[PDB]
Every structure is written in C-alpha cells, then in structure tokens.
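Report on the structure given below.
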Amino acid sequence: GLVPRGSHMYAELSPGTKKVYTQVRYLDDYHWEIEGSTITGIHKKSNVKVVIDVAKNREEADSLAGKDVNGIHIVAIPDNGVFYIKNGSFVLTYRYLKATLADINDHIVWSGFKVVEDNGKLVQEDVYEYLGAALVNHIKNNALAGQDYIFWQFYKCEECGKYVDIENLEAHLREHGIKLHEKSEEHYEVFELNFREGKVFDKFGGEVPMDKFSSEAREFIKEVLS
Ligand SMILES: [Zn+2]
C-alpha cells in the first residue's frame, strides 16, 4: 500500500531527483523525505534541518540560492566542479553531497544538556551547535574530522577558570569539593584538537594557548595530539 503507492510515486520522480537522493540516503544520521524536487533531511541527533533542492543547471541553482529554509539549504546540480556558497546556500555538484552532508554531520556538535520537568518526569534536553564557520574552514583545508582533527568538549571551571576536558571534569570538580552528579545542567566549549598542528583551536579557527587548560587537560591534549 504505502509500498506500491510508495514505489509508484518514487518511480515517477525525475531521474535527477532520484540520482541526488541516492547520494544521500545512506547517511542515516539524517531522516530523509522527498517532495517533488526537494529532498529534506533532519539530523536525527540534533534535529537540524537540511533542505536539498535539485536543479538542472547553475542558472536555476543561482535563482534558488535565495531561499530561507530554517536550516541548511543546499542546491544540488549535475554540473561538475561546482562548489560555492551563495546567499547562504551551498550550490554544488551533486557528487559532493555525500561528503558535504557528512562534513555537516561532523560539525553538529553536542555542547551540553539541561534536565527539565515534563509531565511529572525529568527529561534531558541536549544542546547542539552547528559550527558553520569551522565547517567552511575545514572544507577549504580539506580537513576531515577524525583524521586531521577532532572536536572535543571542555568545561570552563567556575572555580579556577581553567579548561578541563569533559572526562577529567568529574575528578577536577571533586578536588574543589563539588559533586558533578549533583549538577543538572552544564555547557562546554567545543575546541578543535588538530593532529597536523599539534595545537588547539577554538570553534572559529583561532588558536588557544595551552595555559588555558588545567594541568589535567594539558596532558590529555598532549596524549590526544600524539
Ligand atoms: Zn577548577
């Protein structure tokens, strides 16, 4: 039913829309939907929306570039060697989509959580941050998360102002007489640990001195960057 009425509708999509969709459907980090020549993905973890309009050429793509979608707008075209940003929209050869959507996924980083009351129960609310600026920076340097660097969360200690990696935070707060488990909310700064530079950068590409981190984080960084 919602199988044939599914196979029939799908089969009637334009070849182009099918081709583009076939580039993205394996990226299960996103929930996908198709409507006409528009492919919409919803990042499963963060709920970030990605709208992909399929166009026949650059003129069309450029015309669609001007579009608010309350999320990431991408215009996919069959033209090769095309990759630029116009009016905030990505305009790219559809063969760059898979790599682009994956880079986008790598840039939607968990930054904290908050526990909220809800219908008599406590519910955890996660905070995600789409690092678009860093995304563009990494694409230009052909930098790949997990390969040339990784994003990692550090907590800004309300006691010494030093940055401590999330894992050593428990022990760190303990030494201050503060119990981590009694906290019902926390926010972290997301830093980049660059394997190439053997240095730490903020989410904007700016380098961060090592003295900004607690003695614990310091060695952790040293450990990771090796
Ligand atoms: Zn501290």
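Labels for the structure tokens follow display order: chains A, B, ..., residues from 1 in each chain, ligands from 1.
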Would you list the residues that come within 7 Å of ligand 1? Count only C-alpha atoms and all ligand atoms and give the answer as a list in words.
residues 157, 158, 159, 160, 161, 162, 172, 173 and 176 of chain A
Write to file, as a PDB file, in the first residue's frame, the residues of the selection just made, with N, CA and C atoms.
ATOM      1  N   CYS A 157      35.853  25.641  34.224  1.00  0.00           N
ATOM      2  CA  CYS A 157      35.689  25.537  35.670  1.00  0.00           C
ATOM      3  C   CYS A 157      35.350  26.858  36.351  1.00  0.00           C
ATOM      4  N   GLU A 158      34.191  26.884  37.002  1.00  0.00           N
ATOM      5  CA  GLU A 158      33.706  28.063  37.714  1.00  0.00           C
ATOM      6  C   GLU A 158      34.556  28.388  38.941  1.00  0.00           C
ATOM      7  N   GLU A 159      35.582  27.581  39.189  1.00  0.00           N
ATOM      8  CA  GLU A 159      36.449  27.792  40.342  1.00  0.00           C
ATOM      9  C   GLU A 159      37.830  28.340  39.995  1.00  0.00           C
ATOM     10  N   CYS A 160      38.445  27.816  38.939  1.00  0.00           N
ATOM     11  CA  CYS A 160      39.768  28.283  38.541  1.00  0.00           C
ATOM     12  C   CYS A 160      39.807  28.821  37.113  1.00  0.00           C
ATOM     13  N   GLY A 161      38.658  28.800  36.440  1.00  0.00           N
ATOM     14  CA  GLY A 161      38.576  29.308  35.080  1.00  0.00           C
ATOM     15  C   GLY A 161      39.418  28.564  34.060  1.00  0.00           C
ATOM     16  N   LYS A 162      40.029  27.464  34.480  1.00  0.00           N
ATOM     17  CA  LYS A 162      40.848  26.676  33.578  1.00  0.00           C
ATOM     18  C   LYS A 162      39.945  25.716  32.816  1.00  0.00           C
ATOM     19  N   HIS A 172      38.144  16.597  38.514  1.00  0.00           N
ATOM     20  CA  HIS A 172      38.507  18.001  38.684  1.00  0.00           C
ATOM     21  C   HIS A 172      37.615  18.756  39.674  1.00  0.00           C
ATOM     22  N   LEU A 173      36.301  18.613  39.521  1.00  0.00           N
ATOM     23  CA  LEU A 173      35.352  19.289  40.401  1.00  0.00           C
ATOM     24  C   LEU A 173      35.428  18.716  41.807  1.00  0.00           C
ATOM     25  N   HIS A 176      37.617  20.223  44.178  1.00  0.00           N
ATOM     26  CA  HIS A 176      37.130  21.543  44.569  1.00  0.00           C
ATOM     27  C   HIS A 176      36.009  21.405  45.589  1.00  0.00           C
TER      28      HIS A 176
END
So which residues touch segment 51-59 of chain A within 7 Å, counting only C-alpha atoms, skipping near sequence neighbours fewer than 3 positions away, as a PyMOL selection string?
chain A and resi 17+37-41+62-63+69+72-79
Please list as a VMD selection string every residue within 9 Å of residue 66 of chain A, counting only C-alpha atoms and excluding residues in the same chain fewer than 6 positions away.
chain A and resid 86 to 89
Using only C-alpha atoms, please write the residues we just selected to a file, as a PDB file, in the first residue's frame.
ATOM      1  CA  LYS A  86      25.509  31.985  -2.447  1.00  0.00           C
ATOM      2  CA  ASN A  87      23.113  33.800  -0.138  1.00  0.00           C
ATOM      3  CA  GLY A  88      23.999  31.225   2.488  1.00  0.00           C
ATOM      4  CA  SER A  89      23.097  28.281   0.259  1.00  0.00           C
TER       5      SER A  89
END
Which of segment 113-142 of chain A fall in strand (DSSP E), as a list in words:
residues 113, 114, 115, 116, 117, 118, 121, 122, 123, 124, 125, 126, 127, 128, 129 and 130 of chain A
Mind dumping the selected residues with N, CA, C and O atoms as a CSV table (one decimal), in the first residue's frame?
chain,number,residue,atom,x,y,z
A,113,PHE,N,23.7,20.0,28.1
A,113,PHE,CA,22.4,19.4,28.3
A,113,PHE,C,21.7,20.2,29.5
A,113,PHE,O,22.4,20.9,30.2
A,114,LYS,N,20.4,20.0,29.7
A,114,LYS,CA,19.7,20.6,30.7
A,114,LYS,C,18.6,19.6,31.1
A,114,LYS,O,18.0,19.0,30.2
A,115,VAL,N,18.4,19.4,32.4
A,115,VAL,CA,17.3,18.5,32.8
A,115,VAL,C,16.1,19.3,33.0
A,115,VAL,O,16.1,20.3,33.8
A,116,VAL,N,15.0,18.9,32.4
A,116,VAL,CA,13.7,19.6,32.6
A,116,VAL,C,12.6,18.8,33.1
A,116,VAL,O,12.6,17.6,32.9
A,117,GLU,N,11.7,19.4,33.8
A,117,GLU,CA,10.5,18.7,34.4
A,117,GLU,C,9.6,18.6,33.2
A,117,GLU,O,9.5,19.5,32.3
A,118,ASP,N,8.8,17.5,33.1
A,118,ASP,CA,7.9,17.3,32.0
A,118,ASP,C,6.9,16.2,32.2
A,118,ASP,O,7.2,15.0,32.3
A,121,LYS,N,8.0,14.0,35.0
A,121,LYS,CA,9.2,13.3,34.8
A,121,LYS,C,10.3,14.3,34.4
A,121,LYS,O,10.1,15.4,34.0
A,122,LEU,N,11.6,13.9,34.7
A,122,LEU,CA,12.7,14.7,34.3
A,122,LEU,C,13.2,14.2,32.9
A,122,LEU,O,13.4,13.0,32.7
A,123,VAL,N,13.3,15.2,32.1
A,123,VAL,CA,13.8,14.9,30.7
A,123,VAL,C,15.0,15.7,30.3
A,123,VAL,O,15.1,16.9,30.6
A,124,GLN,N,16.0,15.0,29.7
A,124,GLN,CA,17.2,15.6,29.4
A,124,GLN,C,17.1,16.3,28.0
A,124,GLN,O,16.7,15.7,27.0
A,125,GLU,N,17.5,17.6,28.0
A,125,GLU,CA,17.5,18.4,26.8
A,125,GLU,C,18.9,18.7,26.4
A,125,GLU,O,19.7,19.3,27.1
A,126,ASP,N,19.2,18.2,25.2
A,126,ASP,CA,20.6,18.3,24.7
A,126,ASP,C,20.8,19.6,23.9
A,126,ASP,O,19.8,20.0,23.2
A,127,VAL,N,21.9,20.2,24.0
A,127,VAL,CA,22.3,21.4,23.2
A,127,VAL,C,23.3,21.0,22.1
A,127,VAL,O,24.3,20.5,22.4
A,128,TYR,N,22.9,21.3,20.9
A,128,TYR,CA,23.8,21.0,19.8
A,128,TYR,C,24.2,22.4,19.1
A,128,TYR,O,23.4,23.3,19.1
A,129,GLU,N,25.3,22.4,18.5
A,129,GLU,CA,25.8,23.6,17.9
A,129,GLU,C,26.3,23.3,16.5
A,129,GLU,O,27.2,22.5,16.4
A,130,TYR,N,25.7,24.0,15.5
A,130,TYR,CA,26.2,23.8,14.1
A,130,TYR,C,27.3,24.7,13.9
A,130,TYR,O,27.1,26.0,13.8
Near segment 220-224 of chain A, counting only C-alpha atoms, which residues have an atom at most 10 Å away, once you skip same-chain residues fewer than 5 positions from it, shown as a CSV table (one decimal) with C-alpha atoms, in the first residue's frame?
chain,number,residue,atom,x,y,z
A,149,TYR,CA,41.4,16.7,13.9
A,150,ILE,CA,38.5,16.1,16.3
A,164,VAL,CA,39.3,20.8,31.6
A,165,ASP,CA,38.4,18.0,29.1
A,167,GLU,CA,36.2,13.2,31.0
A,168,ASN,CA,38.5,14.7,33.7
A,193,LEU,CA,42.4,19.2,18.6
A,194,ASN,CA,44.4,19.5,15.3
A,195,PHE,CA,46.6,16.4,14.7
A,198,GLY,CA,49.6,19.6,17.3
A,199,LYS,CA,47.7,22.7,18.6
A,200,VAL,CA,44.3,23.5,20.0
A,210,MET,CA,47.9,25.6,26.4
A,213,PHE,CA,43.8,24.4,30.2
A,214,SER,CA,44.1,22.8,33.6
A,215,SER,CA,47.2,20.6,34.3
Closest to residue 191 of chain A among A:61, A:82, A:208, A:143, using only C-alpha atoms?
A:208
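Atom CA of residue 135 of chain A sits 15.2 Å away from atom CA of residue 91 of chain A.
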Can you work out which one of A:155, A:134, A:60, A:32 has the shortest atom-to-atom distance to residue 185 of chain A, counting only C-alpha atoms?
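For residue 185 of chain A, the nearest of the given residues is A:155.
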Counting only C-alpha atoms, which residue out of A:1, A:112, A:6, A:177 sits closest to residue 34 of chain A?
A:6
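Among the candidates A:151, A:101, A:8, A:49, the residue lying nearest to residue 33 of chain A is A:49 (atoms considered: only C-alpha atoms).
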Counting only C-alpha atoms, which residue out of A:171, A:48, A:190, A:225 sits closest to residue 156 of chain A?
A:190
Using DSSP secondary structure from the backbone, list all helix (DSSP H, G or I) positions within segment 12-205 of chain A, as JSON, numbers by chain.
{"A": [15, 16, 17, 18, 19, 20, 21, 22, 23, 24, 58, 59, 60, 61, 62, 63, 64, 94, 95, 96, 97, 98, 99, 100, 101, 102, 103, 104, 105, 106, 132, 133, 134, 135, 136, 137, 138, 139, 140, 166, 167, 168, 169, 170, 171, 172, 173, 174, 180, 181, 182]}
Segment 180-182 of chain A environment, 8 Å, only C-alpha atoms, sequence neighbours closer than 5 positions dropped, as a PyMOL selection string:
chain A and resi 169-170+173-174
Across A:28, A:183, A:163, A:205, the smallest distance to residue 218 of chain A, with only C-alpha atoms counted, is shown by A:163
One number please: atom CA of residue 92 of chain A to atom CA of residue 80 of chain A, in Å, one decimal.
8.2 Å
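Here atom CA of residue 186 of chain A is placed at a distance of 21.3 Å from atom CA of residue 204 of chain A.
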